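> opening piece of a complex, kept in its complex position:
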Amino acid sequence: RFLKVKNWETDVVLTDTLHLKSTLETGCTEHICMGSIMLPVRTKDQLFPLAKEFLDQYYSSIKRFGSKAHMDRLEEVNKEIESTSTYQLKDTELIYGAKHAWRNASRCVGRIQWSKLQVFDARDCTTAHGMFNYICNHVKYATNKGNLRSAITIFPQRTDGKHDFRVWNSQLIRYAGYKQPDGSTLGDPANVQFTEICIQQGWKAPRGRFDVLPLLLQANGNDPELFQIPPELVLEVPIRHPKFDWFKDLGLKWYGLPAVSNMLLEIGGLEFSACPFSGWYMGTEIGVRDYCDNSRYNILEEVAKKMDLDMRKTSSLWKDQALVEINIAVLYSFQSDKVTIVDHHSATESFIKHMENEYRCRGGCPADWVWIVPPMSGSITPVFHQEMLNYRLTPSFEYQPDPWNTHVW
């Protein structure tokens, strides 16, 4: 129960003690591994032990476990819970909580940067208009003229479940998707239902292939509100190839800022249902997933056509060939435009370093092999031959149902 993990490319062996501090469950049992499954209103008695575990962590990290300051805080929170049926995080705890939620995100390959996170406390927010303002400042700060900076903005915590703050967008910036008359799909197919929700709520769509969606912001449980992100804040990159001049005529571009906004940040038992966070892209997320997935932009066949590869048989590996050039082009475009981006070799190497460090300083590092290994060229990245243990630590980012299935108007 002091588990070893081995790297089969380097014979490096690491001992994991940190999994011992695991709270939540995995959905796996002794009889079935569910490690590839995408997606497997608290009470007063539920909250205090949750609050205690977190404060114990916190005061331990500032080298003050068991101190007067620690005890007094524990007492203070304990009083507040009995009385208010919840409690409030101190600024310093809020920052620790956010940074550590990222650190514990076993599906995230970029966690080597985990401690350099910019936390924007928006707990004083009361309206969607106010949310729009916090969100615009997030986007501007994080983008930073192409020199991306990681950030999270944290809106008021859940209270009774009827006063929830939600960003209805899955990411702050995404391209729209419209289903065409001939059955096809213009723009981004993944966003079709949401794109039609905006329209079905008053959005006037330009119906282009790359229309930046509007923000749908829900404050204190009210009906959500539409806002257009000032285009001057949406940093976009035209996609060209360093060797293929025709590449530009495909007319592709992507946004520079990956900013996920549909997850729930849980700290000390407290639930932050609106907490959009952002960093910078790994090249493959755009090139492999966004562009080439069949259920997305699916440009492979079109690109392969321009290269004049042999698309008659699958054993020509024309898909693979095209896949590579596309990802070469995405990296090349971003880099030329001085927008931050990381290639899948650099990032997986970074993560391997990060692993070493966490075993060396923390005694372990939760990691989800199925998500850490890039969607192309898997086995020539170091992570592929790295055994990983996946377990659930807290604070954490968790999934939550899409608002339109829950909300009442």
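Structure received. Residues are numbered from 1 along each chain as shown, chains lettered A, B, ... in the order given.
> and chain A, what are its domains?
Under the assignment curated CATH domains, the domains of chain A span A:16-123+A:150-160+A:264-278+A:348-372, A:124-149+A:164-235+A:399-403, A:236-258+A:281-346.
> start to end distance for the first one?
End-to-end distance of domain A:16-123+A:150-160+A:264-278+A:348-372 (Cα to Cα, to the nearest Å): 18 Å.
> thinking again about what came up before, relative to residue A:4, which of the domains of chain A is closest?
For the domains of chain A, distance to residue A:4 was read as Cβ to Cβ. The smallest value, 7.3 Å, belongs to domain A:16-123+A:150-160+A:264-278+A:348-372. Using the backbone N, CA and C atoms, a C-beta is placed for each residue, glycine as well.
> ok now the closest one, how far from the chain's centre?
15 Å (Cα atoms, centre = their mean, to the nearest Å).
> also stretch A:390-404?
In this view, stretch A:390-404 has its centroid 11 Å away from the chain centroid, taken as Cα atoms, centre = their mean.
> give me the contact list for that stretch.
Residues outside stretch A:390-404 that contact it (Cβ atoms under 8 Å, 6 or more residues apart in numbering) are A:18-19, A:21-26, A:35, A:39, A:53-54, A:97-98, A:100-102, A:104-106, A:166, A:168, A:197, A:218, A:224, A:262-268, A:273, A:275, A:277, A:366-369.
> show me which of the residues you listed are buried.
Neighbour-count burial (16 or more other Cβ atoms under 10 Å) is assigned, among these, to A:18-19, A:26, A:53-54, A:97-98, A:100-102, A:104-106, A:166, A:168, A:197, A:218, A:224, A:262-268, A:273, A:275, A:277, A:366-369.
> tell me which of those fall in helices.
Mapping the buried ones among the contacts of stretch A:390-404 onto helices (DSSP state H) picks out A:53, A:54, A:97, A:98, A:100, A:101, A:102, A:104, A:197, A:369.
> which two of the residues you listed have the greatest separation?
The distance between the two most remote of these (Cβ to Cβ) is 38.1 Å, for A:53 and A:197.
> need the strands for the stretch 151-300 of chain A, in chain order.
Taking DSSP state E, counting those that start in this stretch as the test, the strands found in the stretch 151-300 of chain A are A:151-154, A:166-167, A:177-179, A:185-187, A:215-218, A:225-227, A:236-238, A:253-255, A:259-260, A:264-267, A:270-272, A:277-278.
> one more, chain B:
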Amino acid sequence: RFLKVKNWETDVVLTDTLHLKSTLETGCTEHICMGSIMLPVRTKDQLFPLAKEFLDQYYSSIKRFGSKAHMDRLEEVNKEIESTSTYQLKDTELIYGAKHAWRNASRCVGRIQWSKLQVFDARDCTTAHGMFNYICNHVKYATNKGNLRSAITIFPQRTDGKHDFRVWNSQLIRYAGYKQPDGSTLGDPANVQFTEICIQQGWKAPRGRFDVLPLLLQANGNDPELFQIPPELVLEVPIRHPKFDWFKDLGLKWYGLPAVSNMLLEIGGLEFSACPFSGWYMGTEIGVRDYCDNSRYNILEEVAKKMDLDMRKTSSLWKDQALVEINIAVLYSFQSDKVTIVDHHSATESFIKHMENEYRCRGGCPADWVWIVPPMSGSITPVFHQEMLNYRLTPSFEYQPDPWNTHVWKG
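The block that follows adds chain B to the chains above:
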């Protein structure tokens, strides 16, 4: 209890009930997933339950459950166990066993072919020489002039664990690897330790970058003996590229017959410690892993150099580019030589179809996502988007420690 798996590219959802018939463990708990860990004497006390459940399985498959034949076979195995501390499988039972072992192999993307397995019963073998002869015949039959056929050869089951049959090779056909004094490796780095053993056991090593290794064969718990596979039986393919003429000048070849010989076949409680089995290659096993793994032939740089790629910055994706062309060349070479091979696109597609079929007629299909997804171009194959449940059924193929780490030498 039901369980549903979803394909996120097709929105197809399937319901698994087969996982309920799962006996063995995964290595996972509620608090930890170990799905990415590579590796997660048996008396009569536990043998007859294992026997009964297998026989129940078998006679269900042939639609004779509870029949006279079923009952009497149960009684027969019962008395033979209490009398002899073990039992023998009938031919039918052994054939069913090998087939279903393959079928239950959750890390195998090629199980669409599981029903068509040629089962060679070598349970009468008593010596290493007899082993050599059975294996030659396997290799000849399986290779079939390049038109490959699935086969498995089953040698005698373990008894007291002191008289094991083992094939000390991890694969029947595999290239030697020699650690040079300067630190470099000639041949296959994967096979260096096994090569050294062979050399120690008296193998005159040619010391080239593609020397077929000698068979090292152990019968009845005796010390292993060296045999050379006759070259005319070892089908190989020169690797060339369809556009790049300099590729052939890299001097690469590879064998056609993937024949894994180091695993353990468990059927109805019995353990077959030596049971070589072979199919045919998915292209990526050779082009991605054998050639481009840093701990193998690792030709990426010499290929990249010849392509004149920008190798000074890894964001040029020159590694990625070199990898595709090598896999292109492996596929081209095999196809041109009419030696059976399958590309990772065809194979994963086939497996998805198989998998769906298995949910419809069997109620599930145990699958290890981590191993099924191909080591290149993962998300543009359909298995990447396929949720998969991993559980262990019997009959099954299991791993065993390397024989040289556990063998009592006689002298």
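> which phi and psi does the residue nearest to residue A:273 when sequence neighbours are not counted have?
Leaving out its chain neighbours, the residue that sits closest to residue A:273 by Cβ to Cβ, 6 or more residues apart in numbering or on different chains is residue A:164, at 4.8 Å. The phi/psi pair for residue A:164 (degrees, to the nearest 10) reads phi -80, psi 140.
> distance of residue A:164 from chain B?
From residue A:164 across to chain B, the span is 27 Å (Cβ to the nearest Cβ, to the nearest Å).
> surely that residue is in contact with residue A:158?
Yes: contact criterion Cβ atoms under 8 Å: residue A:164 and residue A:158 qualify, at 5.6 Å.
> name the residue in those two with the higher neighbour count.
Ranked by neighbour count (other Cβ atoms under 10 Å in any protein chain shown), residue A:164 and residue A:158 place residue A:164 first, with 25 against 21.
> geometric centre of chain A: which residue is closest?
In chain A, the C-alpha nearest the mean C-alpha coordinate belongs to residue A:260, at 4.8 Å (Cα atoms, centre = their mean).
> what residues are up against it?
By Cβ atoms under 8 Å, 6 or more residues apart in numbering or on different chains, the residues touching residue A:260 are A:170, A:171, A:276, A:277, A:278.
> which non-adjacent residue is nearest the last one?
Using Cβ to Cβ, 6+ apart and skipping residues adjacent in sequence, the residue nearest residue A:278 is residue A:259, 3.6 Å away.
> ok, that neighbour to chain B distance?
Counting by Cβ to the nearest Cβ, the gap from residue A:259 to chain B is 22 Å.
> try residue A:359
As judged by Cβ to the nearest Cβ, residue A:359 and chain B stand 15 Å apart.
> excluding chain neighbours, what is closest to that residue?
residue A:14 (4.3 Å).
> burial measure for that neighbour, as a count.
20.
> quick check: it is in a helix.
No: under DSSP: H, G, I helix; E, B strand; the rest coil, residue A:14 sits outside any helix and is assigned strand.
> what are the bridge partners for it, then?
residue A:5 (DSSP bridges).
> could you measure from it over to residue A:107?
Distance from residue A:14 to residue A:107, counting by Cβ to Cβ, to the nearest Å: 19 Å.
> and the residue of the stretch 101-250 of chain A nearest chain B?
residue A:242 (8.6 Å; Cβ to the nearest Cβ).
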